[PDB]
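Residue numbers (the working numbering), protein chains in the order written: chain A, 398 to 615; chain U, 1002 to 1214.
Every residue gets a Cβ at the ideal spot worked out from N, C-alpha and C, and that includes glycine.
Heads up: the structure comes next, in structure tokens.
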């Protein structure tokens, strides 16, 4: 019954240092050949091997990030720590720590932690500004809301107080170079309903206690 | 540096299909290769270790084979939970690199996107920035190309896009692309064009609007 869990600040400034801890149970890093490694994954990309440490206290790092990474272990508390210096927005990703069986089964990372999301931005908690994305026998017209410049994730969008769900597409947000997020939520509806039906997106950014109802029309 | 290349990068299949994916290493890695399946929002899950060993608790569907630089993962009868991304990883040479992954999605008939273009709101213009958005609704396959133009000028570096997860009932995707310009740039030009390329379109379709008209 092996388990690992990553912990540490979910937010880090564009020049600061990122410190992550991996707490595990069901095995000891004092055993033979056992290892604990770190793997990162930016929301838009593949897995990237970072580093690993073994019972011998032996350590191996990603060549490319060798001068920015430091990995240590503490037998007494069954934890492994990863320190990444000089972080930048490109380092925002989900970081996982995993277990590697000792000497066969050594050729893999058999158990993984849930992973922790780390965002790198110099941004402060900011509510979004909600703008309209206006529409205009035949049917199906598109309309939506632009939820711009907020931080940090997440935000929720509903339409007509949840009364409208069919045809709705809320896209994952994108982190802008400004360090602020921006996402759009759209819904397809019959063109004929534009003149009578009313459409409003209900935006809620909990982190900033910001709620906005935006009525959208041609 | 050792390179692990996965092919095909993307694959569309159906439940009950038999698929085989590959991972090639630029240098011999003996049998030190592992395969993982990753469902969105979850961590990777070990399927095969030591190139051909089936991890305990992993369904008989999966099997792997290979050695040296050639490796494959095969699923006999794809199951609904198999629609995910798979990665290979070599642990013979440090650093223990991962492949670029192979995305397996639900196959359905080709569907061209419904394209819509949205001008920036007068409300936003007051902020000093103009966001113009192009929506590509319910299309398939996932691969799609959006090109922005302002007065016939190709825009590059000033747009961002995001795509939704494959629709559970429709099997289609939708994409949103936003072109960001300063209020000044926006007022300085008239025609805003969103050109979309997609297998379902015999030719690229362009949706546009004139800031004035």
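Select from the options the residue whose C-alpha is nearest the C-alpha of residue i.
{"i": "residue 589 of chain A", "options": "A:527, A:415, A:438 and A:532", "result": "A:532"}
{"i": "residue 1071 of chain U", "options": "U:1186, U:1117, U:1023 and U:1144", "result": "U:1023"}
{"i": "residue 450 of chain A", "options": "A:431, A:549, A:440 and A:462", "result": "A:431"}
{"i": "residue 525 of chain A", "options": "A:593, A:554, A:512 and A:499", "result": "A:554"}
{"i": "residue 403 of chain A", "options": "A:472, A:452, A:411 and A:418", "result": "A:418"}
{"i": "residue 1187 of chain U", "options": "U:1041, U:1129, U:1110 and U:1074", "result": "U:1129"}
{"i": "residue 583 of chain A", "options": "U:1170, U:1163 and U:1189", "result": "U:1163"}
{"i": "residue 559 of chain A", "options": "A:414, A:472, A:612 and A:598", "result": "A:598"}
{"i": "residue 1180 of chain U", "options": "U:1121, U:1139 and U:1214", "result": "U:1121"}
{"i": "residue 494 of chain A", "options": "A:428, A:442 and A:468", "result": "A:468"}
{"i": "residue 437 of chain A", "options": "A:513, A:474, A:420 and A:454", "result": "A:513"}
{"i": "residue 1195 of chain U", "options": "U:1184, U:1012, U:1211 and U:1189", "result": "U:1211"}
{"i": "residue 1185 of chain U", "options": "U:1027, U:1113 and U:1131", "result": "U:1131"}
{"i": "residue 567 of chain A", "options": "U:1059, U:1003, U:1026 and U:1175", "result": "U:1175"}
Kindly list, in the order they appear in chain A, the residues whose Cβ is closer than 7 Å to that of residue i.
{"i": "residue 1124 of chain U", "result": "528"}
{"i": "residue 1082 of chain U", "result": "Chain A residues near residue 1082 of chain U: none, gap ~17 Å exceeds 7 Å."}
{"i": "residue 1102 of chain U", "result": "443"}
Which partner residues does residue i have in the DSSP bridge list?
{"i": "residue 1184 of chain U", "result": "None; residue 1184 of chain U has no bridge partner."}
{"i": "residue 496 of chain A", "result": "A:433 and A:508"}
{"i": "residue 449 of chain A", "result": "A:434 and A:457"}
{"i": "residue 1094 of chain U", "result": "Bridge partners of residue 1094 of chain U: none, in fact."}
{"i": "residue 1167 of chain U", "result": "According to DSSP, residue 1167 of chain U bridges with nothing at all."}
{"i": "residue 584 of chain A", "result": "A:540 and A:565"}
{"i": "residue 1083 of chain U", "result": "In DSSP, residue 1083 of chain U forms no bridge with anything."}
{"i": "residue 1104 of chain U", "result": "U:1011 and U:1086"}
{"i": "residue 548 of chain A", "result": "A:523"}
{"i": "residue 1119 of chain U", "result": "U:1134"}
Would you check if the distance between the CB atom of residue i and the CB atom of residue j is smaller than 8 Å?
{"i": "residue 552 of chain A", "j": "residue 601 of chain A", "result": "yes"}
{"i": "residue 502 of chain A", "j": "residue 1037 of chain U", "result": "no"}
{"i": "residue 1154 of chain U", "j": "residue 1199 of chain U", "result": "no"}
{"i": "residue 515 of chain A", "j": "residue 407 of chain A", "result": "yes"}
{"i": "residue 477 of chain A", "j": "residue 496 of chain A", "result": "no"}
{"i": "residue 527 of chain A", "j": "residue 580 of chain A", "result": "no"}
{"i": "residue 1086 of chain U", "j": "residue 1098 of chain U", "result": "no"}
{"i": "residue 411 of chain A", "j": "residue 518 of chain A", "result": "yes"}
{"i": "residue 1029 of chain U", "j": "residue 1067 of chain U", "result": "no"}
{"i": "residue 1096 of chain U", "j": "residue 444 of chain A", "result": "no"}
{"i": "residue 416 of chain A", "j": "residue 480 of chain A", "result": "yes"}
{"i": "residue 1141 of chain U", "j": "residue 1173 of chain U", "result": "yes"}
{"i": "residue 400 of chain A", "j": "residue 423 of chain A", "result": "yes"}
Under 9 Å between beta-carbons, which chain U residues line up against residue i? List them in chain order, please.
{"i": "residue 496 of chain A", "result": "Under the 9 Å cutoff, chain U gives no residues; its nearest Cβ is about 10 Å from residue 496 of chain A."}
{"i": "residue 543 of chain A", "result": "1119, 1121, 1122, 1125, 1132, 1134 and 1179"}
{"i": "residue 445 of chain A", "result": "1098 and 1099"}
Going along chain U in order, which residues have a C-beta closer than 7 Å to the C-beta of residue i?
{"i": "residue 568 of chain A", "result": "1163, 1165 and 1177"}
{"i": "residue 486 of chain A", "result": "The contacting residues do not exist; residue 486 of chain A stays about 13 Å from chain U at best."}
{"i": "residue 509 of chain A", "result": "1044 and 1045"}
Would you please state the rounded distance, in angstroms, between the beta carbons of residue i and residue j? I believe it to be under 8 Å.
{"i": "residue 700 of chain A", "j": "residue 540 of chain A", "result": "It is not possible to answer for residue 700 of chain A, since the shown part of chain A is limited to 398 through 615."}
{"i": "residue 1079 of chain U", "j": "residue 1020 of chain U", "result": "6 Å"}
{"i": "residue 1093 of chain U", "j": "residue 1031 of chain U", "result": "6 Å"}
{"i": "residue 1208 of chain U", "j": "residue 1116 of chain U", "result": "5 Å"}
{"i": "residue 1134 of chain U", "j": "residue 530 of chain A", "result": "6 Å"}
{"i": "residue 1003 of chain U", "j": "residue 1035 of chain U", "result": "That pair is no contact at about 15 Å."}
List the residues of chain U whose Cβ lies closer than 8 Å to the Cβ of residue i, in chain order.
{"i": "residue 548 of chain A", "result": "Per Cβ cutoff of 8 Å: no residues; residue 548 of chain A is ~16 Å from chain U at best."}
Below 9 Å on C-beta distance, what does residue i contact in chain A?
{"i": "residue 954 of chain U", "result": "A question about residue 954 of chain U goes unanswered here, because the residues of chain U that appear run from 1002 up to 1214."}
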